[PDB]
Protein chains: 4
Amino acid sequence: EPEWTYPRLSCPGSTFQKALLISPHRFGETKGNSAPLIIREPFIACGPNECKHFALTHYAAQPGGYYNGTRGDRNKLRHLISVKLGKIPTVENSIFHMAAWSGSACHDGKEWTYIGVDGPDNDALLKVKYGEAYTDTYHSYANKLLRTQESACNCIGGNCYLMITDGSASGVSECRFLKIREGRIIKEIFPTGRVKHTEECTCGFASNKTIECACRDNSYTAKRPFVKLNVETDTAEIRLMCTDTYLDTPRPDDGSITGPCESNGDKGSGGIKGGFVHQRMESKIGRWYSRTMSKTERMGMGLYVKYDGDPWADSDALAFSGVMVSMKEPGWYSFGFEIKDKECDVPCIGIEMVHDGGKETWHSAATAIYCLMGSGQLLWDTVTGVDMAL
Amino acid sequence: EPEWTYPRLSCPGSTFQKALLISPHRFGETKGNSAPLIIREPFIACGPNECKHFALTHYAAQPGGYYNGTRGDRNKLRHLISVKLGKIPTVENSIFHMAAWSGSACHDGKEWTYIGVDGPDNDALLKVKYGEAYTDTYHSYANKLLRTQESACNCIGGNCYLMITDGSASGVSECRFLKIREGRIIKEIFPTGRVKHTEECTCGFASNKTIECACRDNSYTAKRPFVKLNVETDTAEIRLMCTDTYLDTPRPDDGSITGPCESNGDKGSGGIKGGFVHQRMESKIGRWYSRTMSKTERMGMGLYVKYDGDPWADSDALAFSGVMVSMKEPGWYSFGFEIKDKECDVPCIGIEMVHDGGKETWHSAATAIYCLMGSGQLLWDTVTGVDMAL
Amino acid sequence: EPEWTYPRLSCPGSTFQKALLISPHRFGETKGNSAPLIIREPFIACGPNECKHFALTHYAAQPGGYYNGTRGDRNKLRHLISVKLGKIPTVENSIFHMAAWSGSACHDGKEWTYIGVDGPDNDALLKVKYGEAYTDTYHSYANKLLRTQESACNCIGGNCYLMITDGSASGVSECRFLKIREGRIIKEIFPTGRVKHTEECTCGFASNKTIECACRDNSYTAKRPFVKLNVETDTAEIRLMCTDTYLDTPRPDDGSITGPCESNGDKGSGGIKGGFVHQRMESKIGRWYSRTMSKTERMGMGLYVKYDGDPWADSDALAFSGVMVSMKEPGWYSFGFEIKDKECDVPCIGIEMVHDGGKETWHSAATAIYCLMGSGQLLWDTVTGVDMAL
Amino acid sequence: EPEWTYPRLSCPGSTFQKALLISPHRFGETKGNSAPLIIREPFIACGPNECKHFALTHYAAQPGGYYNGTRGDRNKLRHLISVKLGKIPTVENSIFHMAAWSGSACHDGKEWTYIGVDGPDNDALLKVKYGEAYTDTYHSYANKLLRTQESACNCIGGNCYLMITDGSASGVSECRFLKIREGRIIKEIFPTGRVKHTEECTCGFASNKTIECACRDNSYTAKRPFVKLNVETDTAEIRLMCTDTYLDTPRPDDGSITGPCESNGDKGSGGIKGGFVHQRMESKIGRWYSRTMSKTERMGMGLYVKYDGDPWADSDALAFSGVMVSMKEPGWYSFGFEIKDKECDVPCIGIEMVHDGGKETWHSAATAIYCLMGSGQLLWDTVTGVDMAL
Ligand SMILES: *[C@@H]1O[C@H](CO)[C@@H](O[C@@H]2O[C@H](CO)[C@@H](O[C@@H]3O[C@H](CO)[C@@H](O)[C@H](O)[C@@H]3O)[C@H](O)[C@H]2NC(C)=O)[C@H](O)[C@H]1NC(C)=O
Ligand SMILES: *[C@@H]1O[C@H](CO)[C@@H](O[C@@H]2O[C@H](CO)[C@@H](O[C@@H]3O[C@H](CO)[C@@H](O)[C@H](O)[C@@H]3O)[C@H](O)[C@H]2NC(C)=O)[C@H](O)[C@H]1NC(C)=O
Ligand SMILES: *[C@@H]1O[C@H](CO)[C@@H](O[C@@H]2O[C@H](CO)[C@@H](O[C@@H]3O[C@H](CO)[C@@H](O)[C@H](O)[C@@H]3O)[C@H](O)[C@H]2NC(C)=O)[C@H](O)[C@H]1NC(C)=O
Ligand SMILES: *[C@@H]1O[C@H](CO)[C@@H](O[C@@H]2O[C@H](CO)[C@@H](O)[C@H](O)[C@H]2NC(C)=O)[C@H](O)[C@H]1NC(C)=O
Ligand SMILES: CC(=O)N[C@H]1[C@H]([C@H](O)[C@H](O)CO)OC(C(=O)O)=C[C@@H]1NC(=N)N
Ligand SMILES: CC(=O)N[C@H]1[C@H]([C@H](O)[C@H](O)CO)OC(C(=O)O)=C[C@@H]1NC(=N)N
Ligand SMILES: CC(=O)N[C@H]1[C@H]([C@H](O)[C@H](O)CO)OC(C(=O)O)=C[C@@H]1NC(=N)N
Ligand SMILES: CC(=O)N[C@H]1[C@H]([C@H](O)[C@H](O)CO)OC(C(=O)O)=C[C@@H]1NC(=N)N
Ligand SMILES: *[C@@H]1O[C@H](CO)[C@@H](O)[C@H](O)[C@H]1NC(C)=O
Ligand SMILES: *[C@@H]1O[C@H](CO)[C@@H](O)[C@H](O)[C@H]1NC(C)=O
Ligand SMILES: *[C@@H]1O[C@H](CO)[C@@H](O)[C@H](O)[C@H]1NC(C)=O
Ligand SMILES: [Ca+2]
Ligand SMILES: [Ca+2]
Ligand SMILES: [Ca+2]
Ligand SMILES: [Ca+2]
């Protein structure tokens, strides 16, 4: 009988290793007989019994005749879809949850909560689904472009916390947090501090008390806005990550942003969503981060880690841990998630490896997974193995 | 060990929103690898654990070579099929329930009842299936064309109520209601009042005591016949909806029908099945309706609502809630259904969007879904995104 | 904690009606994207929860490159497959049970028993499978061609009864009966009486005391051999069906066999497996049968019935019930089976509808189902809808 | 509550028979509509409820455009996949467990354990997954090529025993055995005795206290290294099996290795994974093995058996029990596994039948299965039925 889930101590390990590649378009060739879905913004969320691989589809397949428009972000056909992790997301394997061009999902211990935003840009609408039922909505508040995480929300004892943001992509987007219980929004949380631009937060539990998020600023800085949300008081605060190892793309050179922690620096315009995930141990906390190998291009994906300290106040360079995607291969969005073992949580990072060939052809993605696994060093990189010409 | 289901209070909300689109022919192009089934008359029915998406297939897929005859209404190949709502209705995903060119289905809390009418026009036959087992039949009583709802029947305390009808499409069709329990017919019900012509009723619970249906008159009027069925006494009465906002297609201008409520008016010839769903509150009853945007063509679909009053007596215009499907897009049959949240019911309306290219090509449909969901105004419309040329 | 099944009283009804068509080759065209399996000798068996549609595949699909051989009876590639009844039996939907060119299956209330015969003609081997495990075997005793029912075996209190036979197609073929429990052969039953040729028995439960079988004589008579098997004392007895309505194909004109009951007669060479099922009542026993509409060809299928009496002694013509398949459509093997309702058993007859374009193209079959359904008369026939040039 | 599994006494039987063929490429022709996965190194492992069919895929299908490399051993794309035994392993039916170019799997009665080694040749990494969660890793020790069984590991009382090996392919490869419990390596076992080269062990339980393995020597001999592992003491000893029937391929003539039991002999270069499975009886143990028909080539597959005695000491030829695959057909890797019947275990051997047509086209395999079944002699051989040109 189902009880509410809580974050547990992470399971023992000291390094990440290549775990699993989901590359649907390995079967999408004209010579083939398969129907992989055209997608982007994939993420993974796990419940006590099952892991689900989510994505936003353009409601089209490779091969097919609806490639035109699959390079855009929003339209009336896009849908949040999923399969069990390990299954290839095809037309028939997938299930279509709801229309959305921005999404999230999380399992609270008893049931799946699905999140989907669609509607017109100036008045977008977030929709909440608990299992099969549509249960709530939330309205755009800045009337620019209401949007959400493109990664998993976080549930503790029945309460599910979700980042949403609204505002200009090149101007101001003040983010908020929805608290959602059994499909219904029961509280809005307004963060304090450096709030001028926060989008596409990647969140997780530092403990039973605190959720932390590494987010994206699309205008002002190449440093990641770092949220600290206390779930006991339902309050949040945002300051920029102090580490010399700037995680955004585009970014400047490491350390080159001189001055105090809060200094915005150069190359702030533009952005990318970043992997972030906690390794909780008895007396220390590990924070793992991913960023592209290239400073200005969505190419490659490397892994970093730092134990304890305060991300807001520490200049310290993050320890480079290894290359997950070499700079020759595409490396786009990345997200954190946790797999539930018998008595312990297993932190992972998934990486969106987009197949980009311009607007003249199809535009989709593969997903690579790296998980905390044993000891030593990260050993192997990941390729998609897709020839976009076929 | 499940209990019989009963209609519950509706979930909180005050507006409908775009929820989900099932457009299987987005994957029916020649350079694709999918086999979506060719169907029409789709509808949805929900049990306590699952929503099923039903339709009548022509036992043929796109791409395929059996297009010829997919624009006819009846033949020896048509079958009632279903998939789990959210899955694409393909050859492999679908399950074939029974031979039928007219159908319904509903869950009683324990098991599925599947209804499927087939046979020669002059002597058609209704078939009842309970789970896997064929359990009963009902013979033609007017010998013109026995037929049924093309949407979900309704169960309360293990008793399922089903509308059937038989008669000319341009003359008298005096409908009846069957009371079906565990797959077997236990009582016929003969409605009184205005029984000239009643077909393809879209029914639902107004309360524990009353079932209401918004039906179709294909011969005499563009006002929808309105059934009130007392499930405590198993009697039914029918009168025409009095509202100025005529729901049928074709129809004259709104309010144009001079004279009192019972006035049949002009443009009675023809018709279309219309969406109808209840929003049950503690102290009021909300009635949600859909109708085409075009006055004469099966094009577009708009949403409407009025709270309480007597549908038989009120000439009051229905409130316009929004455009679910614009007039640029096809809008055919519509239906009501209810999704089961943990403690309350969620009213929804489905829209059949037919792909009509004429007799020389394939003839099928997509399904769009809107549901009561939060507050405010209906925000976005639905397109199928299908080019029939591919 | 589950329990053995026993035959129950058949459930109310007085006529059969068209239920379900499984016609996978409707989707097997060259311009399609489906993969129906190529099969023959299909049958259906039902346990307490689901029905399974079994067949013998040639391990090849349509469209495909392996049409050569699909009109042959035995080879090293043939397997017994199934799907849940309602599903299209394709490459991906089907499950492969074991190598076999002759088969049977039945559920005892706890688990499925799968029967499969393969091997060389003069030393064939019957193989039994219980759940996932291979459990027993039986050897050729005549060294001509060991073979079995090609339809459901019959289980009572955990004991399952299966007909096998060994011998020449144009000579002696003395069948035996295996009593099987939980995958293992516990007893052999040697039938007394008219035993010179008995094959492809279609069997059902007349009572808790008696199994009856309508079988096929391929060399001596156009009357069908009829088995009476006493499951209480494990003894079997065979005599020819005395009825003027000769059920084999080919056959002489009805009644035209001159002599007493045991009289063999003319046109005894050739034969076909025939449908036969019991309608059990407290009052009386109904016996439904099926035979081709043509006397000399596998064309059409007619439904017949006599209530009570002794088919060993009664020469009276069986009552014609209706045409399940017209003489314009193919009509091959037919089989009996019973779907389990909550309280009652529903008798059905399935009809293999073979697509026969000769040995230069593919060779497979559709399945049509008719079940006892309500009262009145049988109303509609079944067509496959398949054009073999597509 | 689910308890730990232990080996049980074997099911009654005297001989193996052809059970099942899995040949996915029968449906891989260019004029078809299916997508069989391209694989090699298949094996099978069963738990209390289900058997799974594993393999190592090249992440490509037939037909498709990624054949280049499919004859390769290791790359960054290979993955451990599985379907339920009985299902065709296609793109859609299969589940992707983890990246791997060497694998293993087993069920301990509660949960599955999946083994997958990947990484650089020189610093390879073994990965352990328990259900959904990656739980442990193990590093290369000889830094030459860490690798594992490519067949089922073995679980008793929740303790899973698995063979790993590292070192030269033409020199020393000293193996180790891991004790894995609920996904974690709790003990390593260092074997004594003859240990210069042992790889690709096929292991099974000989009792509740002894596991035996028939392994491969790719460098020094054509006799198979034979591991004995005491699971009570957690110690293992390895000596070459002495029988004159050399099970390796390539091999010299039977008996031609002159000398005492421990002598190496000629033609010890090269190797093949070989079949081995126990038949456990009351006061007797059976030992079934398989080896190729050709002495030099990977063609054909014969079955051999011997009861009791010591494989370390006994020189006598194994009793030839029949041809499973004729020398005209491909016979590559073979492996042992056991199916769990209700009260006993059924021994089987699986055979990899590689479709080899060189480096310029696809490279994959079918899986053939023979199991202990009844009495007498092994009756029929297995062909794939695949024409590589189609
Ligand atoms: C966050 O809070 C949750 C809930 O308080 C913590 O999990 C709880 O504490 C321990 C986790 O190790 C569990 O104790 C165990 O009890 C079971 C019997 O239920 C027993 O088998 C074990 O030997 C152990 O004593 C406790 O049950 C568990 N409670 C729930 C409701 O899950 C969690 O550890 C906290 N996370 C932190 C501190 O990072
Ligand atoms: C229509 O009639 C049915 C039949 O009585 C009504 O269903 C009943 O609804 C009540 C509350 O509305 C349920 O009571 C609740 O039971 C749960 C435990 O099951 C308990 O935790 C709650 O505190 C509450 O007492 C009752 O169980 C339920 N019975 C059945 C058989 O469903 C239904 O409410 C009526 N719908 C209307 C009036 O709109
Ligand atoms: C063949 O013999 C078996 C004996 O096992 C008969 O099965 C039995 O059928 C009777 C029919 O009335 C069942 O009685 C019922 O029991 C249920 C218990 O839930 C009760 O609610 C009903 O009111 C009724 O009394 C009986 O349970 C059943 N036995 C078993 C073990 O299931 C079967 O009917 C015989 N076949 C014939 C007569 O054709
Ligand atoms: C090996 O050990 C297992 C575990 O004790 C034995 O399995 C038992 O078998 C008996 C029947 O002989 C059952 O009544 C017990 O319930 C079984 N125990 C468990 C835990 O399943 C097995 O018989 C032993 N002997 C062998 C394999 O020869
Ligand atoms: C709602 C929305 O359109 N989000 C965009 C997002 C956005 O353009 C920027 O972050 C700026 O606000 O970035 C792009 C992107 O890949 O950079 C993906 C997202 N596309 C989708 N989620 N569909
Ligand atoms: C049984 C039957 O053929 N019902 C018809 C329906 C019917 O003609 C009208 O209700 C008037 O009598 O028209 C509609 C329609 O599209 O208008 C299609 C239906 N097609 C199917 N349900 N198959
Ligand atoms: C085991 C076997 O080969 N059975 C044959 C069967 C047989 O040839 C005759 O009955 C004569 O004994 O008839 C033919 C047939 O359709 O007439 C189909 C069967 N084909 C298969 N079951 N494979
Ligand atoms: C890990 C690994 O690559 N194992 C090899 C194996 C190996 O080369 C020899 O056993 C010598 O060490 O050869 C066999 C083989 O087919 O001979 C295939 C294996 N391929 C894979 N398992 N991928
Ligand atoms: C379609 O079927 C009808 C009726 O069977 C037939 O008259 C017509 O010629 C067919 N059309 C084509 C294009 O074959
Ligand atoms: C057809 O099948 C027979 C059966 O063995 C075989 O001899 C023949 O060569 C086959 N022909 C082709 C073209 O495959
Ligand atoms: C296969 O790939 C290799 C590189 O890995 C390349 O050199 C070779 O030409 C390729 N083969 C073909 C036929 O393209
Ligand atoms: Ca930035
Ligand atoms: Ca009208
Ligand atoms: Ca005959
Ligand atoms: Ca060797």
# chains A, B, ... in the order shown; residues from 1 in each chain; ligands from 1
$ interface_residues --of "chain C" --to "chain B" --cutoff "6 Å" --atoms "only C-alpha atoms" --output "PyMOL selection string"
chain C and resi 19-20+31-33+86-87+339+341+373-374+380
$ residues_near_ligand --ligand "ligand 2" --cutoff "12 Å" --atoms "only C-alpha atoms and all ligand atoms" --output "number ranges by chain"
B: 2-11, 48, 108-109, 155-158, 205-210, 231-232, 278-285, 342-345
$ closest_residue --among "B:71, B:52, B:355, B:25" --to "ligand 9" --atoms "only C-alpha atoms and all ligand atoms"
B:71
$ residues_around --residues "residue 23 of chain A" --least-positions-apart "2" --cutoff "10 Å" --atoms "only C-alpha atoms" --output "CSV table (one decimal) with N, CA and C atoms, in the first residue's frame"
chain,number,residue,atom,x,y,z
A,20,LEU,N,23.4,4.5,-19.9
A,20,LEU,CA,22.4,4.2,-20.9
A,20,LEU,C,22.2,5.3,-21.9
A,21,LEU,N,22.1,4.9,-23.2
A,21,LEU,CA,21.8,5.8,-24.2
A,21,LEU,C,20.4,5.5,-24.9
A,25,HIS,N,16.5,7.8,-33.1
A,25,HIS,CA,16.7,8.0,-34.5
A,25,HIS,C,17.7,7.1,-35.1
A,26,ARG,N,18.2,6.2,-34.3
A,26,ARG,CA,19.1,5.1,-34.9
A,26,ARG,C,18.2,4.2,-35.7
A,27,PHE,N,16.9,4.3,-35.6
A,27,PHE,CA,15.9,3.5,-36.4
A,27,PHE,C,15.1,4.3,-37.3
A,28,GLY,N,15.4,5.6,-37.4
A,28,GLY,CA,14.5,6.5,-38.2
A,28,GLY,C,14.9,6.7,-39.6
A,36,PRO,N,10.3,6.4,-34.8
A,36,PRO,CA,10.6,7.2,-33.6
A,36,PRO,C,10.0,8.6,-33.7
A,88,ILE,N,12.2,2.6,-26.5
A,88,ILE,CA,12.4,3.6,-27.6
A,88,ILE,C,11.1,4.3,-27.8
A,89,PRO,N,11.1,5.7,-27.7
A,89,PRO,CA,9.9,6.5,-27.8
A,89,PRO,C,9.4,6.6,-29.2
A,353,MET,N,21.1,15.3,-26.5
A,353,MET,CA,22.0,15.4,-27.6
A,353,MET,C,21.2,15.6,-28.8
A,365,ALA,N,16.1,14.7,-30.9
A,365,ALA,CA,17.0,14.5,-29.8
A,365,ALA,C,17.2,13.1,-29.4
A,366,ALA,N,18.4,12.8,-28.8
A,366,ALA,CA,18.7,11.6,-28.2
A,366,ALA,C,19.0,11.9,-26.7
A,367,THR,N,18.8,10.9,-25.8
A,367,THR,CA,19.1,11.1,-24.4
A,367,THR,C,20.2,10.2,-23.9
A,368,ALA,N,21.2,10.7,-23.3
A,368,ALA,CA,22.3,10.0,-22.6
A,368,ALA,C,22.2,10.1,-21.1
A,383,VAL,N,28.1,8.7,-27.7
A,383,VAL,CA,27.8,9.2,-29.1
A,383,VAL,C,26.3,8.9,-29.4
A,384,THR,N,25.7,9.6,-30.3
A,384,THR,CA,24.3,9.3,-30.8
A,384,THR,C,24.4,8.2,-31.9
A,385,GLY,N,25.4,8.3,-32.7
A,385,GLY,CA,25.6,7.3,-33.8
A,385,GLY,C,24.6,7.5,-34.9
A,386,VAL,N,24.0,8.7,-35.0
A,386,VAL,CA,23.0,9.0,-36.0
A,386,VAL,C,23.6,9.8,-37.2
D,59,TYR,N,22.6,-1.5,-31.6
D,59,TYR,CA,21.7,-0.4,-31.6
D,59,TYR,C,21.3,-0.1,-33.1
D,77,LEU,N,28.1,2.0,-28.7
D,77,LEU,CA,26.7,1.9,-29.0
D,77,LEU,C,26.0,0.7,-28.4
$ atom_distance --atom1 "atom CA of residue 195 of chain D" --atom2 "atom CA of residue 261 of chain D"
15.3 Å
$ residues_near_ligand --ligand "ligand 14" --cutoff "10 Å" --atoms "only C-alpha atoms and all ligand atoms" --output "number ranges by chain"
C: 170, 197-198, 215-225, 246-251, 264-273
$ select_by_dssp --residues "segment 113-300 of chain D" --states "strand (DSSP E or B)" --output "ChimeraX atom specification"
/D:113-118,125-130,133-139,147-148,154-156,159-167,173-181,184-189,192-193,197,199-205,210-216,225-230,235-240,275-280,285-291,299-300
$ closest_atom_pairs --of "chain B" --to "ligand 6" --cutoff "8 Å" --atoms "only C-alpha atoms and all ligand atoms" --output "JSON lines"
{"residue": "B:40", "atom": "CA", "partner": "ligand 6", "partner_atom_place_in_ligand_line": "23 (N)", "distance": 7.5}
{"residue": "B:41", "atom": "CA", "partner": "ligand 6", "partner_atom_place_in_ligand_line": "22 (N)", "distance": 6.3}
{"residue": "B:56", "atom": "CA", "partner": "ligand 6", "partner_atom_place_in_ligand_line": "23 (N)", "distance": 7.2}
{"residue": "B:72", "atom": "CA", "partner": "ligand 6", "partner_atom_place_in_ligand_line": "20 (N)", "distance": 7.6}
{"residue": "B:73", "atom": "CA", "partner": "ligand 6", "partner_atom_place_in_ligand_line": "23 (N)", "distance": 4.1}
{"residue": "B:74", "atom": "CA", "partner": "ligand 6", "partner_atom_place_in_ligand_line": "23 (N)", "distance": 5.4}
{"residue": "B:101", "atom": "CA", "partner": "ligand 6", "partner_atom_place_in_ligand_line": "23 (N)", "distance": 4.5}
{"residue": "B:102", "atom": "CA", "partner": "ligand 6", "partner_atom_place_in_ligand_line": "22 (N)", "distance": 4.6}
{"residue": "B:103", "atom": "CA", "partner": "ligand 6", "partner_atom_place_in_ligand_line": "22 (N)", "distance": 7.5}
{"residue": "B:145", "atom": "CA", "partner": "ligand 6", "partner_atom_place_in_ligand_line": "1 (C)", "distance": 6.8}
{"residue": "B:146", "atom": "CA", "partner": "ligand 6", "partner_atom_place_in_ligand_line": "1 (C)", "distance": 7.2}
{"residue": "B:147", "atom": "CA", "partner": "ligand 6", "partner_atom_place_in_ligand_line": "1 (C)", "distance": 5.1}
{"residue": "B:148", "atom": "CA", "partner": "ligand 6", "partner_atom_place_in_ligand_line": "1 (C)", "distance": 7.4}
{"residue": "B:150", "atom": "CA", "partner": "ligand 6", "partner_atom_place_in_ligand_line": "22 (N)", "distance": 6.5}
{"residue": "B:167", "atom": "CA", "partner": "ligand 6", "partner_atom_place_in_ligand_line": "12 (O)", "distance": 7.8}
{"residue": "B:168", "atom": "CA", "partner": "ligand 6", "partner_atom_place_in_ligand_line": "12 (O)", "distance": 6.6}
{"residue": "B:169", "atom": "CA", "partner": "ligand 6", "partner_atom_place_in_ligand_line": "12 (O)", "distance": 3.9}
{"residue": "B:170", "atom": "CA", "partner": "ligand 6", "partner_atom_place_in_ligand_line": "12 (O)", "distance": 7.5}
{"residue": "B:199", "atom": "CA", "partner": "ligand 6", "partner_atom_place_in_ligand_line": "10 (O)", "distance": 6.1}
{"residue": "B:200", "atom": "CA", "partner": "ligand 6", "partner_atom_place_in_ligand_line": "10 (O)", "distance": 6.3}
{"residue": "B:216", "atom": "CA", "partner": "ligand 6", "partner_atom_place_in_ligand_line": "10 (O)", "distance": 7.6}
{"residue": "B:218", "atom": "CA", "partner": "ligand 6", "partner_atom_place_in_ligand_line": "11 (C)", "distance": 5.9}
{"residue": "B:270", "atom": "CA", "partner": "ligand 6", "partner_atom_place_in_ligand_line": "11 (C)", "distance": 7.6}
{"residue": "B:271", "atom": "CA", "partner": "ligand 6", "partner_atom_place_in_ligand_line": "17 (O)", "distance": 6.5}
{"residue": "B:272", "atom": "CA", "partner": "ligand 6", "partner_atom_place_in_ligand_line": "17 (O)", "distance": 5.6}
{"residue": "B:273", "atom": "CA", "partner": "ligand 6", "partner_atom_place_in_ligand_line": "17 (O)", "distance": 7.6}
{"residue": "B:332", "atom": "CA", "partner": "ligand 6", "partner_atom_place_in_ligand_line": "16 (O)", "distance": 7.7}
{"residue": "B:333", "atom": "CA", "partner": "ligand 6", "partner_atom_place_in_ligand_line": "16 (O)", "distance": 7.4}
$ write_last_selection --atoms "N, CA and C atoms" --output "short mmCIF file (atom, residue, chain, number, x, y, z; two decimals), in the first residue's frame"
data_model
loop_
_atom_site.label_atom_id
_atom_site.label_comp_id
_atom_site.auth_asym_id
_atom_site.auth_seq_id
_atom_site.Cartn_x
_atom_site.Cartn_y
_atom_site.Cartn_z
N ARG B 40 -14.46 6.32 -37.80
CA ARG B 40 -15.29 7.48 -37.52
C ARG B 40 -16.09 7.23 -36.25
N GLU B 41 -16.94 8.19 -35.89
CA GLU B 41 -17.73 8.13 -34.65
C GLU B 41 -16.91 7.78 -33.39
N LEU B 56 -15.53 3.35 -34.35
CA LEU B 56 -15.98 2.37 -35.33
C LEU B 56 -15.00 2.40 -36.48
N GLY B 72 -18.76 5.32 -46.49
CA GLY B 72 -20.09 4.79 -46.22
C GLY B 72 -20.29 4.64 -44.72
N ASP B 73 -21.54 4.54 -44.29
CA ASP B 73 -21.83 4.44 -42.87
C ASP B 73 -21.87 3.00 -42.37
N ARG B 74 -22.23 2.06 -43.25
CA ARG B 74 -22.45 0.69 -42.81
C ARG B 74 -21.89 -0.30 -43.80
N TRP B 101 -21.56 -1.30 -36.67
CA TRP B 101 -21.53 0.00 -37.35
C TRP B 101 -22.25 1.08 -36.54
N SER B 102 -22.58 0.75 -35.31
CA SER B 102 -23.15 1.72 -34.38
C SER B 102 -22.83 1.19 -32.98
N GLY B 103 -22.41 2.06 -32.07
CA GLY B 103 -21.97 1.57 -30.77
C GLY B 103 -21.98 2.49 -29.56
N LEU B 145 -33.94 1.23 -39.40
CA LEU B 145 -32.50 1.18 -39.08
C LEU B 145 -32.21 1.30 -37.58
N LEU B 146 -32.21 0.17 -36.88
CA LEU B 146 -31.84 0.14 -35.47
C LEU B 146 -30.42 0.69 -35.31
N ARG B 147 -30.22 1.57 -34.33
CA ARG B 147 -28.95 2.26 -34.13
C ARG B 147 -28.87 2.82 -32.71
N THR B 148 -27.69 3.28 -32.29
CA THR B 148 -27.51 3.73 -30.92
C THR B 148 -26.70 5.02 -30.79
N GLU B 150 -23.51 6.25 -30.28
CA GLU B 150 -22.16 6.65 -30.70
C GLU B 150 -21.47 7.50 -29.63
N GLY B 167 -35.99 3.89 -37.11
CA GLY B 167 -36.93 4.62 -37.94
C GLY B 167 -36.20 5.35 -39.04
N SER B 168 -36.97 6.01 -39.89
CA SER B 168 -36.43 6.74 -41.03
C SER B 168 -35.57 7.92 -40.60
N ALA B 169 -34.58 8.25 -41.43
CA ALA B 169 -33.68 9.36 -41.14
C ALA B 169 -34.36 10.67 -41.48
N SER B 170 -35.46 10.58 -42.23
CA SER B 170 -36.20 11.76 -42.65
C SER B 170 -37.68 11.65 -42.28
N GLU B 199 -32.51 10.77 -32.05
CA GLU B 199 -31.38 9.89 -32.33
C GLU B 199 -30.06 10.40 -31.76
N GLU B 200 -29.13 9.47 -31.59
CA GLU B 200 -27.75 9.76 -31.20
C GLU B 200 -27.64 10.65 -29.98
N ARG B 216 -30.36 14.36 -31.27
CA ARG B 216 -30.38 14.86 -32.63
C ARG B 216 -31.72 14.56 -33.30
N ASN B 218 -32.99 14.53 -37.03
CA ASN B 218 -32.51 14.60 -38.40
C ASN B 218 -33.60 14.97 -39.41
N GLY B 270 -31.69 17.13 -41.77
CA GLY B 270 -30.28 16.94 -41.48
C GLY B 270 -30.01 17.00 -39.99
N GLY B 271 -28.75 16.85 -39.61
CA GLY B 271 -28.39 16.92 -38.20
C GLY B 271 -26.96 16.54 -37.92
N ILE B 272 -26.62 16.53 -36.63
CA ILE B 272 -25.28 16.18 -36.20
C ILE B 272 -25.31 15.87 -34.70
N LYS B 273 -24.50 14.91 -34.28
CA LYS B 273 -24.40 14.58 -32.86
C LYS B 273 -23.67 15.71 -32.13
N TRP B 332 -16.95 17.81 -36.53
CA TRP B 332 -18.05 16.90 -36.82
C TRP B 332 -18.81 16.49 -35.55
N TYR B 333 -18.84 15.20 -35.25
CA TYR B 333 -19.50 14.72 -34.05
C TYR B 333 -18.83 15.26 -32.80
#
